[PDB]
Amino acid sequence: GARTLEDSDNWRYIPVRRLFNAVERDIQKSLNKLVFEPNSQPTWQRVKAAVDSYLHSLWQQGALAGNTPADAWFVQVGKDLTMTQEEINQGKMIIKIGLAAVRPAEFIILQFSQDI
Amino acid sequence: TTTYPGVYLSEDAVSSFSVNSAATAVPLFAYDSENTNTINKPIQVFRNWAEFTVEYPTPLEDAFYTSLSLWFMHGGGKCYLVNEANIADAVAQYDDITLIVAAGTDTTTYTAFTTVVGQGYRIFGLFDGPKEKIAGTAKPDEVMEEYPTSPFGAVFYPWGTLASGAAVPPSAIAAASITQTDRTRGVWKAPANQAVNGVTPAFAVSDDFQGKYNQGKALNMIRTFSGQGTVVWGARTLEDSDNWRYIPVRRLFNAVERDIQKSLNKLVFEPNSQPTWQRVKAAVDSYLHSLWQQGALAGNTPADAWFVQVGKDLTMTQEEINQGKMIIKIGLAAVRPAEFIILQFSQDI
Amino acid sequence: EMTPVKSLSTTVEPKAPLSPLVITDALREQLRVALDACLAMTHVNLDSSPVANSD
Amino acid sequence: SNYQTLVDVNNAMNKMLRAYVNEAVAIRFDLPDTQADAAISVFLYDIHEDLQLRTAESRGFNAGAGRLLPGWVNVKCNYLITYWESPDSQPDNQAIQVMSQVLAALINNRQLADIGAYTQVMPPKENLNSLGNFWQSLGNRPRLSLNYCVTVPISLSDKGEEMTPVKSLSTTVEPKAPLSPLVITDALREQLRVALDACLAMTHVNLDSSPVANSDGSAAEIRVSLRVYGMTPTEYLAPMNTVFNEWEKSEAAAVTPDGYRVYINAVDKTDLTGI
Amino acid sequence: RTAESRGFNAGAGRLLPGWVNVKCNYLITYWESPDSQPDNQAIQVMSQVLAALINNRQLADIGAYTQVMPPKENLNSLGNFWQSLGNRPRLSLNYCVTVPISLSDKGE
Amino acid sequence: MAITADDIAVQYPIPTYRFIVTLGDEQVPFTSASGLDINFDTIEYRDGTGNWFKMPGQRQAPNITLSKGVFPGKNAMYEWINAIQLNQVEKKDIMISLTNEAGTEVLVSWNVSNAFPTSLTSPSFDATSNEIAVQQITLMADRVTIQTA
Amino acid sequence: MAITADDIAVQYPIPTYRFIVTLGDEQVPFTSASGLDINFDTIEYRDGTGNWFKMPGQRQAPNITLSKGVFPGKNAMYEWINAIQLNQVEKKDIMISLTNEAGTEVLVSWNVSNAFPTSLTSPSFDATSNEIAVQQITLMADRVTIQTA
Amino acid sequence: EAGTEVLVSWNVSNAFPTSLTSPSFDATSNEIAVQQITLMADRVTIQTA
Amino acid sequence: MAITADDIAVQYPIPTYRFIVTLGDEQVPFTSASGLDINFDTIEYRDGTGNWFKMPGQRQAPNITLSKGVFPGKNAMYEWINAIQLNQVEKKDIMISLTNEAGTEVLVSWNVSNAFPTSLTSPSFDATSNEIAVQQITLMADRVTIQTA
Amino acid sequence: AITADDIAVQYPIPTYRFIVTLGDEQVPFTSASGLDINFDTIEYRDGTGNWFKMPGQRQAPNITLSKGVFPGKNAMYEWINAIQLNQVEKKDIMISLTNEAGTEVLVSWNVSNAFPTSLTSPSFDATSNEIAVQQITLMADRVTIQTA
Amino acid sequence: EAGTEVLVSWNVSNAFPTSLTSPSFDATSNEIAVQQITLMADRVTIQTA
Amino acid sequence: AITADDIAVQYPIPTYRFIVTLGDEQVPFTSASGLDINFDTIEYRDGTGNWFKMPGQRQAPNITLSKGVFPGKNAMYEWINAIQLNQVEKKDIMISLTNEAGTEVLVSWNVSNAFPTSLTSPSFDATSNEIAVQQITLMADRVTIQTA
């Protein structure tokens, strides 16, 4: 049995929760090495190609769902995408990612018969 | 009902057929309005078998159910059930229907088929024949007075008696040899000798019975053989003219007229001038050379096979350029089936 | 007068396995049935980009 | 829209360069012929067409007014800036604290008021051999010059082309016979040859064919528009006009090979030109 | 030029003169005779000289072959031409046209 | 012989620069376009009595090259080489027509049937050169035809 | 056709010199940068009935070249090629973006995933030439992508 | 010079084409669009008159 | 980014001509010096599931070239290629440092461990050329390192 | 226009993308060959002229696999070391040509009861830039091709 | 080249399969999966038409 | 980022770095091959259709080593010269793929009781720039793979 303490349709199944712990932490430890950069449009690029390079190493080893990288993840960071000018001027970089994980096959129903 | 994460066992008897469709066979299983067994949705889409036994979970015996069940077990992709008084509404609305099959249906499907042919939707109808046995003293001009005299239909007499004992309308047997032929040999090859499995005809047809029904309105027998069993035997439409005889050359010009219509609507809002008349003429020419190469036309050079003309003094006028109208007139030569194989023997060498 | 970064927020949410290509080419024959209509909406394009969808 | 003409580039060179050069020098646009003022003298010297930036553009349409748009060209302007003046001779010249704020204007303006141009600021192209020729054509007085290159699109003339959009499309496909136009043409030659030394006569006539659509065709019955062109002897052009005229309006086609029955609408015959 | 084959008449029986095609190489200036503004009198005339050249890539001679403003000249080469004028530089616009010119005509 | 029986006007060949290329369903402005060749490779059969037999063979697959500058905005040549999974690639028609001076009359065109990309180079990122950043794309197709009008 | 229905402003391609390269976690000023190519190699299958089948195959490994002058101070390209023991090498991301005139807007960039060095040349120690001492480094990686913004 | 007298000629017997190139569609060059055709034959003779 | 937080002075790369070479235990004035490269050759392992593995391999042996004019007096490069009997040759260190303008500060140097000669050319004895008689010597070694100070 | 969903129907399949299911686990291999279906031949001739040609009985396949040497645990040594005079864990081999994502089978070659008969060491050479590749050969009884 | 008429044919009377080889799977190869079947028969006939 | 401590875990191992422990001494060799594990095959068929396939008994490995000729003492001649009709000092062979420093084993191939059966002289040629290489072949009873 591999289920958590909540039967909602996204945070059922222990593995997809730990799959998003390690995603949210490997992107947090790979992008703290980009602090003190200017909070402008070249920085929002090398964020977006650092997240995208990590998840393509992750899609390739069978961790996401869908058979194109457009099927698997997206990422947005920028001026009218996810931040405001009130938040650029106080520093805050917001990086919103969405990604589709796989599910386990939990029930294998064998239905037998007599006719061929 | 699944509760625990293990492996489950059951013995509820179910069936399931795979999908091996072709894009040029999307039928229209028209059923009678005098029927309460059907779901009261007037038009509904059935993409595979595992969706059709969700709407209809119990095996019926009615003529719309032995028609779809004999469709899906020969491949067959999406296909439609429409009431017999609504088929003109559904042909005009879904844009990919290539067949109208009368699944045990007449007297208004024959009417509303003639509606959509005059409107020119490039459809091919598949009708039925008599349900009880034709005598032999029948005088065939009295039997095929009912049927339309359009080149877009065929009739297919002997009714089916598939393994559960129920009746299959012979518009579904004839549409079951079109799934397996458009998949395999193409739309230009006649649907006749393809074997449809799991059905047997109700009656029997001798060679001398089919011979009077061959020319004229062409009743298109379903016959069983030792070998290729229960094939359809005859591939002629409801008109014996020398260009719209033979079912396959009609469907070969439906799909040509529609694959050029869907490849050249992506050239609207271009200027109606001489560069546009070129990239019309090289888009038609590239399509038909893919079609000549896979054995669908006749003649052994591409000059033998097709031509196309579009332009200023060729096919249009300056009265028609200035109101937009592009006219693209194509002419192309298709192949014919070998219908009669005369063996003449002798004694001398 | 640009400002330094000094803080960084990362939020990862589940999504469906639709591509933006699978989304866009579904909105075309979704719209086509919403109406010669195939000839009408030939030269409209309607690119898509997936919003993050906070929950 | 973006098509800046050539006087619009000179005005773009005066706004960029007044802002850095001192307010009381001058910005002059010729070579000086008693000048009594300093006058740095921006000078344009060739307007050759820049080949390296042109593409295979496709002559855009309008489709709301139905008109073709004029397809531009883009030339390269090639200024050079000097400092005429008219001793000063110190390392902090008057002549070089003006040429220090000329190139400071150029260095800052790699993108002008014409924001869609393409600029080379101070290329390395000139040489002491080549500068020595220019310093003579001035009248034997050397100076310090700063070249500056700008390309810019200039649109063509504007006339109403007035094409119409397509908006509708008809496609009709009809059966034909398996005759090629080659099989048709070379059947009309020995069809005509028997219609008449006749092989020597119609040697240099050609009679190309193109199959007309034949609105209700068949599996037989191809229908063909001829055009006959070439050369024939003097006497033979007159009997050939009869066999052309019966082909044009014939109850039973023309020469037909193996049951095909080729038909003819127009003989045409404009170019026979019998000698 | 090609390998043309000296055409015949065959109605009057005469050989046709086999042409040659030369290249003409104009260049357009602006002599005049202060003006010194970015909106010159001298450059609003040279703005409508090249606008005439830009529009005419095909002349009244519709069967010519034209290079409109080639990149061929150089400040070294312009500096020699500006001296042979008598030491006065200008802005010139070169313009190249080829055209066939037929030979003499005799009765062959 | 130039036996037209009267004087015929001379024609000059039309220049390389006035051309126009459409990948298929759209028109793209390129800078260069090469390698649209019809190529056969011969088959021979020499014989002892001495008659040589020379024949054409198969017609070779063309290797078309197209180059274009790098612009700010969407790279349409990358979105067509990106979308490949192991044999899946969306083939396209190519037409490279050759217009007149005004560009309103196609004169000769070269038609290409199923061209898919095989390569896409980067520009030469040279800091010491005031020059346009170009990039070449190389296509492979199956047949090339010419239509004249 | 240029069917935008109204006049569209012309664009010139952006020059080679205004670019910017970061090895990964730092920005390095280089002089040249080449070989960032997407390359496939085709697979074919000819058939007796005559239909040729042409397909892409694998995508080839890029061979990127980067050159830079030799400066007084720490050689950062040597401290990354020094630290190799038999297969151990620290892979890095490479981004070669292509900015506008001011350099404050990335326009098109080329992204490289796991680039490790294979070579590092010396300068041409020529005593008879008044010229900068450059040195090239050649990388090998596994994929190249393009993002446009 | 006049072209009315053949002097030396080169005769080729059964030439069939093997290739036909396209022009170099270069937008940056004011130049004629040429195309080469390559033939293969079996013998070449020279006749002088 | 050039995030030094304050303006940093610009550096130009140091020229090729101001260098200095010592074979080992003596300093020799040369004219040219090339081929002091660190070169690896890769090892690859492609896999059916699709992960490519790219690695460095061995580091290749350098092939250094040194040229010098021919002077009146003792040929020191010949007395080191003369003294070979069948594998016996006296290996030497090579250092090619790269000084500042005065030459009193080494900036970057290239160190070579066991270099022995393999060839020694003659000058081009051309009577029709007013030119220096040079001669090249080619060395082979085993490793090249860089030290910066 | 070829519309790449049609490439997934009617174009052939290359040989560089394959998943090897080895018992109940997936093991990455570099090469895989020898999954043949071979029969013998029965012949019979009489004096009248009748030749009778018949398929015999099919013989055993010999499948050879090869993968690289990794620093962890050697799973192919642990399966050829567990031989005790008859006793070997037979396994089911599945070698499936897969899509580029690795998630769906195009066509598969199944192998019923395979057991190892050989395991070759890599060739050690001090002058070679290669990867250490072990090559195991298997022996089974049946080769099945499932297509889906 | 059209595929519609025989130049010369090799006929084979009663063939049945005796072998069927799998393709050689290699992760470093750009090739097509080719099966090779071998047949055994009794007579080979050449018809020419 | 691949962080080369992960290369030491999940990337494969090349074949150019290896230490050969020969008894109780280390001897530098150039090549080393033939450390295979080969079994025989038992088969049994009955008339009902049951084929029984079984591993036989494993046969002896034949290991071949090759090194260069050095001016000192020949240790491989001194071990093949000490044959008296049965009597040979058997040795334990260890061929370990090692790191670049030479101090820790990645994976090793062990060989139990090896004795020399051949020793080839180098090929003397006056027109060749090569090194004199002796090639010794060994015969043992067991090949063991230890991984650590």
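This entry lists cryo-EM as its structure determination method and reports a resolution of 3.3 Å.

A look at the overall build of chain A
The number of helices and strands found in chain A is four helices and three strands. Starting at the N terminus, the α and β elements of chain A follow one another as α-α-α-β-α-β-β. Referenced to the eigenvectors of the C-alpha coordinate spread, the extents of chain A come out at roughly 70 × 30 × 25 Å. For chain A, buried positions account for 47% of its 116 residues.

Section: the interface of chain L and chain J
Facing the 37 residues of chain L at the interface are 38 residues of chain J. The contact between chain L and chain J buries some 3,200 Å² in all, and 61% of this surface belongs to carbon and sulfur atoms. Of all residues in chain L, the largest losses of buried area upon contact with chain J belong to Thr 15, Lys 53 and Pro 55 of chain L, amounting jointly to 21% of the total for that side. Remark: the boundary between chain L and chain J carries 13 residue pairs in polar contact. Those elements that place two or more of their residues in the side of chain L that touches chain J are α1 (7–10), β3 (31–33), β4 (37–38), β5 (41–45), β6 (51–55), β8 (91–98), β9 (105–120) and β11 (143–147) of chain L. Class assignment of the residues belonging to the side of chain L that touches chain J gives a composition of 22 nonpolar, 10 polar and five charged. The pairing of strand β10 (residues 124–125) of chain J with β3 of chain L spans two bridges and is antiparallel. When the sheet's bridge partners are listed, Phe 124 of chain J is paired in β3 of chain L with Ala 32 of chain L.

Thoughts on the interface of chain G and chain L
Contacts between the two partners involve 10 residues from chain G and, on the opposite side, 14 residues from chain L. Taking both partners together, chain G and chain L bury about 930 Å²; carbon and sulfur atoms supply 56% of that area. Linking chain G with chain L are zero salt bridges, by the criterion used here. Where chain G touches chain L, the interface holds six residue pairs in polar contact.

Re the sheet that holds strand β5 (residues 99–102) of chain B
Two orientations exist for strands paired in a sheet by backbone hydrogen bonds: parallel and antiparallel. All names here are of chain B. Reading across from one edge, β3-β4-β2-β5-β6-β7 is the order of the six strands in this open sheet, with mixed pairing throughout. In this open sheet, the two edge strands, each paired with only one partner strand, are β3 (43–46) and β7 (153–154). Across the sheet, helix α3 (residues 87–94) touches β2 (28–31), β3, β4 (79–83) and β5, and the angle it forms with β4 is around 145°. Together, β2, β5, β6 (124–126) and β7 form the strand contacts of helix α4 (residues 109–118), whose direction differs from that of β5 by roughly 170°.

Focus on the arrangement of the chains
Chain B shows no contact with chain I. Their nearest C-alpha atoms sit 28 Å apart. Here chain C and chain L are not in contact; the least distance found between their C-alpha atoms is 20 Å.

What to know about the pattern of salt bridges
Side chains carrying opposite charge are able to pair once their charged atoms draw close together. Evaluated as defined, the whole model comprises 26 salt bridges over all chains. A salt bridge links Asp 9 of chain A to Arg 12 of chain A; the shortest N-O distance between them is 2.9 Å. Two residues, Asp 271 of chain D and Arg 227 of chain D, come together in a salt bridge whose shortest N-O distance is 2.8 Å. Linking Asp 271 of chain D in the segment after β9 (263–264) with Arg 227 of chain D in strand β8 (residues 223–227), this pair joins segments that are 44 residues apart in sequence. Residue class for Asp 271 of chain D comes out partly exposed when judged on its relative accessible area of 32%. The partly exposed category is assigned to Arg 227 of chain D, whose relative accessible area is 37%. The network of salt bridges with common partners includes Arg 3, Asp 7, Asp 9, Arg 12 and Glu 106 of chain A.

Here's the deal with helix α6 (residues 237–248) of chain D
Residues and elements named next belong to chain D. Relative to the 16 Å expected for 12 residues at 1.5 Å per residue, α6 spans 17 Å between its end C-alpha atoms, a close match to the ideal helical length. Inspection of α6 places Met 240, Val 243, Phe 244 and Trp 247 among the buried residues, and these make up the whole buried set. Projected down its long axis, α6 carries its buried residues within an arc of 105°, all on one side. In the core, the buried residues of α6 are packed alongside α4 (181–192), β8 and β9.

Some remarks on the side chain of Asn 94 of chain E
Residue and element names in this part refer to chain E. One can find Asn 94 in strand β4 (residues 93–101). Among the polar contacts made by the side chain of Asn 94, one reaches the side chain of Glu 73 at a distance of 2.7 Å. The residues touching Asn 94, leaving out its near neighbours within four places in the chain, are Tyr 26, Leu 27, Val 68, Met 69, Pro 70, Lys 72 and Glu 73.

Overview of a nonpolar patch on the surface
Residues and elements named next belong to chain H. A cluster of nonpolar residues, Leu 7, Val 8, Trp 10, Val 12, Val 44 and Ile 46, forms a patch on the protein surface that exposes about 650 Å² of accessible area. When contributions to the nonpolar patch are tallied by element, the ones reaching two or more residues are β1 (8–12) and β4 (44–48). The element best represented in the nonpolar patch is β1, accounting for three residues. Along the chain, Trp 10 falls in strand β1.

Conventions adopted
- Residues numbered from 1 in each chain as written, not as in the entry; some residues may be left out.
- Chains lettered and ligands numbered in written order.
- Part of a larger assembly, values for the part shown.
- Heavy atoms only, no water.
- Helix = DSSP H or I, 4+ residues; strand = E, 2+ residues; numbered from the N terminus.
- Buried < 20%, exposed > 50% of the residue type's maximum accessible area, 1.4 Å probe, protein only.
- Contact = heavy atoms within 4.5 Å.
- Buried area = accessible area lost by both parts, 1.4 Å probe.
- Polar contact = N/O pair within 3.5 Å; in protein donor to acceptor, adjacent residues only side chain to side chain.
- Nonpolar A, V, L, I, M, F, W, Y, C, P; charged D, E, K, R; others polar.
- Pairing = 2+ DSSP bridges.
- Salt bridge = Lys/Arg side-chain N within 4 Å of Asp/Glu carboxyl O.
- Axes fitted to C-alpha atoms, helices over the stretch in contact; angles between N-to-C directions.
- Expected span 1.5 Å × (residues − 1).
- Arc of directions from axis to C-beta.
- Patch = residues over 30% accessible without salt bridge, like charges linked within 9 Å, V, L, I, M, F, W, Y side chains within 5 Å.
- Areas by Shrake-Rupley, 256 points an atom, 1.4 Å probe, with all protein chains shown as cover.

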